Amino acid sequence: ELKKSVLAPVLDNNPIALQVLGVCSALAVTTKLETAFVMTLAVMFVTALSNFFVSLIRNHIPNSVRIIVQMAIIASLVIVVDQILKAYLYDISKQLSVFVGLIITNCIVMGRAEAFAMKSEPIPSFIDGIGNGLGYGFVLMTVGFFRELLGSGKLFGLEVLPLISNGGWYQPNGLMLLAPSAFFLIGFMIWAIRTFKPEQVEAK
Amino acid sequence: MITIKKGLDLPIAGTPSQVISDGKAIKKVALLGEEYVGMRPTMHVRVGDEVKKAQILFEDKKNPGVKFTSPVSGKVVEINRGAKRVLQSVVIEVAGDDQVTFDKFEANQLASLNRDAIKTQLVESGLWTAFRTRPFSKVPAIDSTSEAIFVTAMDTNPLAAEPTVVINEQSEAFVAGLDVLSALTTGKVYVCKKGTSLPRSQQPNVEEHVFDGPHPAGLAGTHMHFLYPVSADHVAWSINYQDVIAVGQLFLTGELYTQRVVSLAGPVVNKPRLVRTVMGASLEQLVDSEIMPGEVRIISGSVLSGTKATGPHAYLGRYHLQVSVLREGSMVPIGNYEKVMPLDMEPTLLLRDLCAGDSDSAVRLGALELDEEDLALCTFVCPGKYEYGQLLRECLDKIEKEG
Amino acid sequence: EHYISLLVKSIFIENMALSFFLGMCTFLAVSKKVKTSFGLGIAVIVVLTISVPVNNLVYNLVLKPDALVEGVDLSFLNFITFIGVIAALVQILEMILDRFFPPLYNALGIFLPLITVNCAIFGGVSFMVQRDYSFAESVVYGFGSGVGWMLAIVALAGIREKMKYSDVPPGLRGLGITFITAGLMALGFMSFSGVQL
Amino acid sequence: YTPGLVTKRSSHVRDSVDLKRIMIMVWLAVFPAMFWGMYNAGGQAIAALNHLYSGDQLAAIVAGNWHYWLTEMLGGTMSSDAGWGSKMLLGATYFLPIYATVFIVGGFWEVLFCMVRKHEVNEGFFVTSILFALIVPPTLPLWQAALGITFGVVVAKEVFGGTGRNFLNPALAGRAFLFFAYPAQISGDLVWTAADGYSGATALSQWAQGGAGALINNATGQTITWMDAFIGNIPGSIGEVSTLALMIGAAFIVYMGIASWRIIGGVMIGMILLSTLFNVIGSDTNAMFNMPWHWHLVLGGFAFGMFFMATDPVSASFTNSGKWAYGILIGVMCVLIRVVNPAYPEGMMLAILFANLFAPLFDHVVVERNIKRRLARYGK
Amino acid sequence: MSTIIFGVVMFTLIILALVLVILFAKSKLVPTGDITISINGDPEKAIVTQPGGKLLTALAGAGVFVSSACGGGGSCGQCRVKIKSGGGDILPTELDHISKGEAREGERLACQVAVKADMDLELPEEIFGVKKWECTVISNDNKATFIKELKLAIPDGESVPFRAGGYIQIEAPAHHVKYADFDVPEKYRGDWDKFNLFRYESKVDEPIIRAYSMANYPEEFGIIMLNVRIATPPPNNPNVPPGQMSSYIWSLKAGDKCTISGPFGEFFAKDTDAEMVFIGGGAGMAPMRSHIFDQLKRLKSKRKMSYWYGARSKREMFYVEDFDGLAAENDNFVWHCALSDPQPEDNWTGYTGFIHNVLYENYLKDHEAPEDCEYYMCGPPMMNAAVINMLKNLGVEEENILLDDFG
Amino acid sequence: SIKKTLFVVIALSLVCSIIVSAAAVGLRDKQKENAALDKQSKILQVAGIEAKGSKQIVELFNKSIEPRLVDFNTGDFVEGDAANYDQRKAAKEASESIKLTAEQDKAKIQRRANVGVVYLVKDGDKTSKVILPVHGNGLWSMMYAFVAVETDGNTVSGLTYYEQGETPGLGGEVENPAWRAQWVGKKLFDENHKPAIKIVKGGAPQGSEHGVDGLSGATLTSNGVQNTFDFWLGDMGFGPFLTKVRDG
Ligand SMILES: Cc1cc2nc3c(=O)[nH]c(=O)nc-3n(C[C@H](O)[C@H](O)[C@H](O)COP(=O)(O)OP(=O)(O)OC[C@H]3O[C@@H](n4cnc5c(N)ncnc54)[C@H](O)[C@@H]3O)c2cc1C
Ligand SMILES: CCCCCCCCCCCCO[C@@H]1O[C@H](CO)[C@@H](O[C@H]2O[C@H](CO)[C@@H](O)[C@H](O)[C@H]2O)[C@H](O)[C@H]1O
Ligand SMILES: CCCCCCCCCCCCO[C@@H]1O[C@H](CO)[C@@H](O[C@H]2O[C@H](CO)[C@@H](O)[C@H](O)[C@H]2O)[C@H](O)[C@H]1O
Ligand SMILES: CCCCCCCCCCCCO[C@@H]1O[C@H](CO)[C@@H](O[C@H]2O[C@H](CO)[C@@H](O)[C@H](O)[C@H]2O)[C@H](O)[C@H]1O
Ligand SMILES: Cc1cc2nc3c(=O)[nH]c(=O)nc-3n(C[C@H](O)[C@H](O)[C@H](O)CO)c2cc1C
Ligand code: FES
Ligand code: FES
Ligand code: NA
């Protein structure tokens, strides 16, 4: 066995750069590295568990009602993780906030559930969830770095660039806080990824 | 009757006198291979061969049965070839009076002639090449037919000769030619003219249509768009009035008629007028003793659409009825293109398709109705200085090839 | 009346794609060709106009607290119930494409199934429960959100078709420039930011 | 050694016009607005300064601002008796550095992309640089101008392949970047007059607060009449104020055929219709409802955008029918943002940007309808 | 557990209602039973197959066999079929190998096409008439250093029906074959001992199907001559597996048996009076030989015929005696050959170099009408790509050149 | 086959629903306790009283917070079990609540309780500050906040959102300490006794009396906060009570 499957979806098949999945969550939580980091962990854990369970029942999934089966696994796990967290570790439970809904609709969770879980054994399927969530977090956190540093002078809430509001020479950039900045930053990440990995460039 | 408002008449100095005179004697003539669209020649002559008036010089590999015959009797003095051995011209030195004759018929029988009989005489004599299909502006296939044959009895090109003056001298031949076209067409014959009067055909098949307005009004493509819109499955044939006179002469006298009246005009033409010459006449000899001193450009055809008559191409083109002489001197649409396009098209989008090479989209927008000359004005007014005539042929060649 | 205002909120002011940034994964994927983009937009309207009002009745009749019985609130069965309902329509939709599937089934491929799991569709149900919309308002809202989503996707497809004449660097070609194009589109949709209701 | 007819059939005559000549025409068309803008920029600043300070206090202010004592050094006077030479000179000290910064920073990106990608430099940047510099507040920091042009040139134009290959207006895209990234410097009461320590709302902000009667020049205490807004003797972006100057330049480029009169007509139609509709409906609370069309014309940047930016040929629709729709949407959107969007006093930049997104769709509806006529052979 | 029970049943009710609608929709929208596909409109050729699988799989099971080289990858495009109805529009990958004009006719790739509903097919006689036979090896002697002549004999006694330039698909199962098993003459063995190609051992993991052109003119009956080139790893990639099908053929000797799976091919001459020009290379000597033999006795053609074979050394040359007889017996046909690298002992005094430039510098350069000649080519891609470029530079239309590159 | 599909969907549906239903109902009780303890923790945090651990919060909250009931229609103290008053449940019943009109419902709240609990912070035997619960509809969920108003009845001492379901990063920034800390020192009313706290999109001018920066990229959630304060500080909310607080 090897780490190739884990690291494949980081830079070779990034779920947001090469594939088009999970973009909606990228634009909302990439305003902070803290929220982004928690979102990556949540997507990694859920994707891996859900992918694992679908593999167990892959041979038995009917294509007619596959989506229902796939969503039920994902929704049940997300609801339980939320309920378990609310009862114990309630402080963190508030942290999961609306991320219960935001992980169910993350296209990575269902996308890998059909492309991979349906055509792979559960053990390797789990590795797929960890790997895909990692690449999702590579993009999420890279965008989070620029948006938080340039838009707030802060990384993980720690002030790197002094703010004028605190007698600091740096004036924050307001566009980095809104959705469009993420669109532009992600596009430029794709540019860097596809200019260093020309294999992924789209044909003409 | 049909009035055109969107267009442009270039007011270039040196318009012809519109009086037919005799041009300088021509002792050299050629047929230009590259003019015929998609024509790959099968040569029937060699340098030094003696040829008759209507003797076959070469054949089209991709248009079997089409014979390109000599314009004059004489000797083959060269066969110019370019990159990849593309036939540029087959030059024949005029000499003698020999000709190949054909069947002759009475004027009252031409309208009643069998269609296959007309095609054979036209193909054997080489006059079949006068026809061009609109959807590709190629010589029609021998076995093909068209329900609509368009006669261009008008000339709105700058410095162009007046068709009425030429047609007036050959009224009987012109009427005889229309009768033949009446039998040749499956449908109707469209005589597209200006308001001026012309000899008329007694056949109900031959309908006269008047077009008035600026330059684009006189193009067969314009006439087809208004009378018989063309597509892949609706093919029209185009022929100009002087070829119609040639058709009438062939079926009345049984001989290939090769004389032509062309306007020699331009800013550097001392006495711009109409001159009698021959098909494929050498333009270097034709303009001799008629141009002002200096570095000038001889153009076969109009300045808008025409071939630079230099080197192997310094001969009158097959579809050209004028010689213009001039002195040698990114798709940002500001609304110039629409002003010169009277057709029901979105010209800026169409030209963008040609620039981008979107052949399928250009087909949807009406590229199939177009010849290069229909895009000459758009090329003229282009701030980016694109040459859309070339882009259109590239798109049309792509459609023919993939299609 | 009030309804026209609701329809205006869910099309322009609350454009799910360019204003709320919902459904970007399918929106940034099938955006190349107007005909395919229009087909997906039509299907999204079909899914949205059916998903929201049906979930509204189920929520108000079953999941609503103290609705089926007094003292029992099946609120915790909200996400699972809704996504399952959304998934069902998608499952029916896949077959329905088989009648009009050549034009979109081949192009959509993996994303036809992914319509379920679209931030746009789940979110619309959430707003129908986070807010209180009658059945008539749920239908007007659901149809309006879909139409606004279609306007954005069809618009992005128009822009991309226009880019046939563009000269995009390789590496940005396809997804990279599309993200930049969508970011630019969102910039111009921020004209409604102050608009309220 | 003998090219084929292809290369030889090129139209033997061409129109005198070229893209280079088109850009200079647009570049010259804004000179009247630009020159008045500098004159207006100095006049507004000098009046506010005398209204806020006098005596040695004014001298200290003049000494602590390089814009002021540089005008004194070159022969101008900061006193209220200053003539047009000193006012234009003072305004130049603000415009020229902005225009120079925008030209240099934006030009660097233009050449860099052409150099790396083996493209030849394009002259379209002349219009982008001048227009961007003439639509920013006079007090805009230079470092923000550099970023604004960088976003507009790179993100909006270059990454799409350069001039003629983008879909969004580059100059307005740059302004939007500064508008949303640094709103404090391009929105409010401290940026539209160059009198340090002066607070003044521009006309549109004032009408939205109270009414047309609230239209006052705080520095002079005199009411702002429609004539004032029309000529451009009002606070604002250097270049937008004078509707008269813009019309003079707009007339030339429209006459030359560089700017589309269908787009301009559409903008007016949309503005007049919607503003008149708001007038009839009325609103006892929203003062913007009662602004007539003729006031909308001479306020804000409506004139500059309609004449010099909505007419950006590349970002507009490519069909004559679409051009009307494109312009009407701009005019409707501008009034809507002006009237019913509290956040924004003017909405032209956002309005044009909104219309840029939908111009390609309008063309598609039109072009697909032509194909339906064509597939029917136009009923012939 | 009062609320737990109620939620569980209410959840199931919601799910049952949703699935029931889907199941109801499936019944009224998805076809049931088996899929019936009509082949050429003939009821006998109509195939009834259950839903699922690609078209290339269902057709092979029936009595009609469709030629395929890449298989279930949609790459070669030799499996194009005419779908009168069903199947929708052409997939984007298919367009890469099918032009739009062809799409109008209805051409589609069976492998790339997934069978899910009733479809209509019009397969031709050649594809329908495929017969599987297992010939007996007579000779497998080496013609050259890396070329072997195979004399496969049909056991049914009846000769093979095929056109000149055709080919037969050879199918073999998984099998491990060592190059040492090959028997080579001393002449070619010496060249082989320098690099020791006998060291290679091939292990075909799965059954394979390949194509091999014919080297017997039709009048030759009972024998399928074929010329086979041994497959060895690429000159630039030694770290590659050795030949699998060619190696298997080489391992065979007298008495061995192999399958031909019927004939196929689309390489043929034109029934006209135009001058013919042949350009052979390597294994290409099989189809070229059939053309020359076909045009000398099968047709007794008086048209001018020329042959230009590219060889590297005299050792590489084979079939020389047959070519000499045809040229001597009939003057209308003339053959020539040039050595790209003559051996020191060859002492060749004729043409030297590549036929790319040799043919031009000798015949086509002074030819008055090179375009008015039919050209047929078969050889290494370098020779073919270079030759066609030279022919194109002479104004030879593609319709006047037929290419049958074997790789 | 129909038989297999019904079996799997039913079986999968049952196991997953049982797990979800058991987790939600069973852990609900622990969740209910944890959430209640949080509100006492929030009231103390906004009050400026540091407490840590359930017993310290419960003990310090009971001693230091003086819940009282107030009638909004009159803004005067009333008698009831303030310590055990659930304003949320009351607002749902017409007996102890009213329905707001479209014009009146600035906070977008469907209903408003007739009587609402307030909390008095007492350093000694007197009120050093009053904490007022305000709620208004957000984009995704209702947002409930505590506002600590000084005895002046005008100055705001502290703000905290004790219930929110907005998206973290965008709308969940009502919990961000920097944003909450920005409220300290702001004034709820103008000279004319009209609501003046305004959420400024793009950032309020520094030092603003009534200017709090809005949540970046979260206009809808910021609108809810404005809508929350625009109603509860108004006539039908705590407006009358704050005038009375202001005079005594
Ligand atoms: C119409 C037609 C006629 C033909 N006629 C002939 C003919 O007369 N004679 C003839 O010899 N061939 C002919 N061929 C070619 C034939 O199809 C085979 O390519 C050939 O027989 C060699 O078979 P192979 O599978 O061993 O080659 P391959 O193994 O497919 O060739 C690949 C090359 O790399 C090596 N290799 C082997 N396995 C691998 C692997 N897994 N990955 C990478 N490299 C690998 C091989 O040694 C070889 O050098 C014809 C083909 C067609 C279409
Ligand atoms: C792709 C998305 C868009 C890409 C562009 C976004 C880039 C964002 C990072 C921009 C950072 C600029 O950072 C900025 O540097 C300038 C340079 O003096 C500083 O400028 C500071 O000093 C200058 C010196 O004259 C003063 O005039 C100015 O008033 C003051 O702010 C700013 O205080 C600082 O905030
Ligand atoms: C073809 C080229 C034409 C060139 C320009 C065309 C402009 C034509 C005029 C468009 C209509 C003007 O529209 C009319 O304008 C006047 C101001 O002048 C408005 O006059 C006023 O009336 C309303 C009363 O309701 C007031 O609230 C408000 O002060 C203003 O609107 C009228 O309400 C409006 O009905
Ligand atoms: C904010 C306001 C501005 C935006 C709103 C106004 C524009 C509305 C655009 C709607 C989308 C474009 O709609 C476009 O319409 C044309 C006809 O006009 C359709 O027409 C075309 O598609 C249909 C599909 O069935 C086919 O028959 C055929 O190819 C053609 O008719 C296009 O397929 C569709 O893409
Ligand atoms: C009439 C006209 C108007 C133009 N307006 C603008 C403009 O508003 N902004 C701009 O950046 N460039 C403008 N340009 C320059 C150029 O056309 C424009 O930037 C295109 O969007 C791409 O180069 C204009 C050019 C012309 C001819
Ligand atoms: S549609 Fe929202 S994550 Fe894909
Ligand atoms: S088997 Fe090769 S494309 Fe079908
Ligand atoms: Na406004």
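Keep in mind that residues are numbered from 1 along each chain as the sequence reads, not by the entry's scheme, and that residues without coordinates are left out. Chains and ligands are labelled by the order in which they are written, letters from A for the one and numbers from 1 for the other. As a convention, hydrogens and water are excluded, and side-chain values are obtained from all of the structure's heavy atoms.

Per the deposited record, determination of this structure is attributed to X-ray crystallography, with the resolution reported as 3.5000 Å.

Q: Help me out: how do you make sense of empty space enclosed by the protein in this one?
A: A water-sized probe rolled over the atoms picks out the places where empty space is left. The method works on a 1 Å grid over the protein atoms by themselves. A cavity is a set of points holding a 1.4 Å probe that cannot get out, a pocket is an open set with protein on both sides within 12 Å along at least five of seven lines, and residues with an atom within 4 Å of a point line them. Grid points are joined across faces, edges and corners, and a volume is the space filled by probe spheres set on the points. Of the volumes computed, that of the largest cavity is approximately 350 Å³. Together, 25 residues line the largest cavity, and D:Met23, D:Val127, D:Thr128, D:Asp312 and D:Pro313 are the ones closest to its centre. Taken together, the residues of the lining of the largest cavity break down into 16 nonpolar, 7 polar and 2 charged. In this structure, the second largest cavity encloses a volume near 110 Å³. If you trace the second largest cavity, you find 14 residues lining it, with B:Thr69, B:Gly126, B:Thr129, B:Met279 and B:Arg318 closest to the centre. Broken down by element, the residue count for the lining of the second largest cavity peaks at 3 residues, all from strand β7 (residues 67–69) of chain B. Each residue gets one label: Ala, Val, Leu, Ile, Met, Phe, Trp, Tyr, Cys and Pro are nonpolar, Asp, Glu, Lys and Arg are charged, and the others, such as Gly, are polar. Runs of E in the DSSP output that reach at least two residues are strands. Runs of H or I that reach at least four are helices, and both are numbered from the N terminus.

Q: It is not clear to me how the nonpolar core should be interpreted in this structure. Could you clarify?
A: For our purposes a nonpolar core is just a set of buried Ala, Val, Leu, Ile, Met, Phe, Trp, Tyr and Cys residues, chained together by side-chain atoms within 4.5 Å. When a residue's accessible area, from a 1.4 Å probe over protein chains only, is under 20% of the maximum for its type it is buried; when over 50% it is exposed; and in between it is partly exposed. With 339 residues, the main nonpolar core has C:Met24, C:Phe27, C:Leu28, D:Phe180, D:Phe308, F:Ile131 and F:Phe229 as its most contacted residues. Per-element tally for this core: the top contributor is helix α4 (residues 79–108) of chain C, with 16 residues. Beyond its immediate stretch of four places on either side in the chain, C:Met24 contacts A:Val23, A:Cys24, A:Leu27, A:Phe183 and C:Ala17. Residues count as neighbours in contact if any of their non-hydrogen atoms are within 4.5 Å of one another.

Q: I'm lost on the pattern of salt bridges in this one. Help?
A: Any two side chains of opposite charge can pair, given that their charged atoms come close. The salt bridge criterion pairs a side-chain nitrogen of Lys or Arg with a carboxyl oxygen of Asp or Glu, the two atoms within 4 Å. Considering all chains together, one arrives at 65 salt bridges over all chains under this definition. Here F:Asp76 ties to F:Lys244 by a salt bridge, and the two come within 3.2 Å at their closest N and O atoms. In this pair, F:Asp76 is assigned in strand β2 (residues 76–78) and F:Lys244 in helix α6 (residues 239–247), connecting sequence segments 168 residues apart. By relative accessible area, F:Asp76 is classed as partly exposed at 29%. On the basis of relative accessible area, F:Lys244 is assigned to the partly exposed category, the value being 36%. Three or more residues joined by partner-sharing salt bridges are found here, namely B:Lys138, B:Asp371, B:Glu372, B:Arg393, B:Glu400 and D:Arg9.

Q: What is the right way to look at the arrangement of the chains in this model?
A: The smallest C-alpha distance separating chain D from chain E is 14 Å, and no contact links them. Spatially, chain B is disjoint from chain F: no contact exists, and the shortest C-alpha separation is 36 Å.

Q: Could you clarify how one ought to interpret the domain arrangement of chain B in this entry?
A: For interface size, the figure often reported is the accessible area lost on association. Residue and element names in this part refer to chain B. Assigned domains of chain B: these are domain 1 (2–13 + 98–253) and domain 2 (336–402). Either an automatic procedure or a domain database provided the assignment from which the domain bounds are taken. When each unit is reduced to the centre of its C-alpha atoms, the spacing between domain 1 and domain 2 is 25 Å. The interface is formed by 20 residues belonging to domain 1 together with 21 residues belonging to domain 2. Buried area is a sum: the accessible area each of two parts loses on coming together, probed at 1.4 Å, counted once for each and added. Together, the buried faces of domain 1 and domain 2 total about 1,800 Å²; carbon and sulfur atoms form 61% of this surface. Among the residues domain 1 hides against domain 2, the three largest losses belong to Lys6, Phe136 and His225. Together they make up 32% of the total. Put simply, domain 1 and domain 2 have 2 salt bridges between them. Of the charged contacts, one joins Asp374 and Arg134 as a salt bridge, the two residues approaching to 2.6 Å between their closest N and O atoms. Polar contact is defined as a pair of N or O atoms within 3.5 Å, subject to the rule that within protein one atom must be able to donate a hydrogen and the other to accept it, and that residues adjacent in sequence are counted only when both atoms are side-chain atoms. Summed over the shared surface of domain 1 and domain 2, the number is 7 residue pairs in polar contact. Per-element tally for the side of domain 1 that touches domain 2: the top contributor is helix α4 (residues 220–227), with 4 residues.

Q: Any chance you could explain the site of ligand 3 here in plain terms?
A: All names here are of chain D. The rule for a residue being near a molecule or strand is that one of its heavy atoms must lie within 4 Å of it. The immediate surroundings of ligand 3 are formed by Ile272, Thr276, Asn279, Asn290, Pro292, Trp293 and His294. Within the side chain of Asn279, an N or O atom sits 2.5 Å from an oxygen atom of ligand 3. For the shell around ligand 3, the secondary-structure elements that each account for two or more residues are α14 (261–281) and α15 (293–297). For the shell around ligand 3, the element with the most residues is α14, which contributes 3 residues. Of the residues contributing to the shell around ligand 3, the split by class is 3 nonpolar, 4 polar and no charged.

Q: Explain the interface of chain F and chain C to me, please; I cannot follow it from the model alone.
A: Contact residues are listed per partner, giving 16 residues for chain F and 12 residues for chain C. Buried surface at the junction of chain F and chain C, summed over both partners, amounts to about 1,100 Å²; 56% is from carbon and sulfur atoms. Looking only at chain F, the three residues that lose the most surface to chain C are F:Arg28, F:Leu139 and F:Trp140, adding up to 36% of its buried area. At the boundary of chain F with chain C, the tally comes to 1 salt bridge. With a shortest N-O distance of 3.8 Å, C:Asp73 and F:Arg28 are connected by a salt bridge. Across the contact surface, chain F and chain C share 3 residue pairs in polar contact. Counting residues per element, the ones that place at least two in the side of chain F that touches chain C are α1 (2–47) and α5 (219–232) of chain F.

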